[PDB]
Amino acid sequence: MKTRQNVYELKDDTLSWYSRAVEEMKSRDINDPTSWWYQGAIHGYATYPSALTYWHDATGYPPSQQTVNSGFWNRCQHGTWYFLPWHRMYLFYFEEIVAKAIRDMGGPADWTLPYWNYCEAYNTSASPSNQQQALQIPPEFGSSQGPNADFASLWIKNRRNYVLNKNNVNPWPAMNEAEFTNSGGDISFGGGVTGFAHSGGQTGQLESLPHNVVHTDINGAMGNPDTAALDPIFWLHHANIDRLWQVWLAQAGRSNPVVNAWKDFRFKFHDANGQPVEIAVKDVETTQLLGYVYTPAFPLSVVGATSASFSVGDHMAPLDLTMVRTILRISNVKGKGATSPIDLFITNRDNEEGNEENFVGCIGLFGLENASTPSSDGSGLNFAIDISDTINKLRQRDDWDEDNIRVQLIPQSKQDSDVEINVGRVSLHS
């Protein structure tokens, strides 16, 4: 059995071998399936200008049309109950390819991918140094100023943030959900029903937070599904998400979906030896089936709607909800550009503005333009949040009035000028 470790609890040479593996994999040709570039492209690959800035750095760029259209690229499952199993499989084969490069250069035989537990920021039992550390990209990955000279390959240009906003790493909304998927449109841990979905509209709670918001917080390559897997931090992020699935299941009465439509769906990859391979969802239902465990870390152990679609700029005024467990739904979000995570507040009084006491949650517009475009029936991203706790607070204000409920959506950082966000509908349901 191999063990995936917490990156900030490492006492071995895991990161130094990772760096050397990335350097070797980056020196391979984009058309080679064991290359850095091909592995990235399995998640997402495109050559419109904001994507091309990254991909033209690839060794051997441009790839042959036979590679592009092989059927192995642009396979990532987003907005869908397939999200978690697909990423587990993706990880598993990447780790095989990384482990083998390490073996082949004379390194250890048993290398495993560690996880970055940004969720540790919420661990009140940890020392506040451990808490604040959790929000930082590990220092082997470089800084705004450049690579760490001793691990140069772990760096990539244009990361917008090296320290996460703590709103984006709360694991409780996901852990707290009971069902993996529902049919009833009630909330789900693992996403909603779809078929094959490269840009789905059934984002589940774990996919939403911390997953999507971490991507648009770090941003750069990481902000766009067509480039994200090029960033070496991608994999440690995903190892934590993978671990959180395992942690969820360790809660009593939690289970994955039993139905065949989920269990028997197959996805294609390439193995350590660069051979085409396939697994079924059911083949990754626990990590022990794939020969790995995680070390233990923290979490372990319509009453109202908007009357039509609207923009989210830098600082909208709070928007009235037309009144007709409480769930806030944010539907059919479309647009483009390198967004930041969107903070959400509910207000009640006439000059009230979003604040720490008002705050109900945050959404990450990861994949926004892909979901906005038909090819994808183009209906945009959809999000749902349990806000029962905040609402019940506000509800015991003396001046609480149910007809004065407003919503405000505020990006965590000022938008770049080519950003556009249109929300289809915000609604509140009970």
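Don't overthink the numbering: it's just position in the shown sequence, from 1.
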Gap between residue 250 and residue 251, counted in deposited residues with no coordinates, falls in the class none
According to the PDB record, deposited residues with no modelled atoms between residue 66 and residue 67 number none
Of 221-229 vs 274-282, the stretch with the larger average CA B-factor in the entry is 274-282
The stretch whose C-alpha atoms carry the larger average B-factor in the entry, 379-387 or 399-407, is 399-407
One of 48, 37, 45, 366 has the largest Cα B-factor in the entry, namely 48
Entry record, C-alpha B-factors for 128, 85, 173, 147; the maximum is at 128
Chain-relative C-alpha B factor for residue 362 (record values, thirds): the lowest
Chain-relative C-alpha B factor for residue 336 (record values, thirds): the highest
Here the Cα B-factor of residue 4, set against its chain, lands in the third termed lowest
Entry-reported C-alpha B-factor of residue 190 relative to its chain, by third, is lowest
Sorting the chain's modelled residues by C-alpha B-factor and splitting them into thirds places residue 426 in the middle
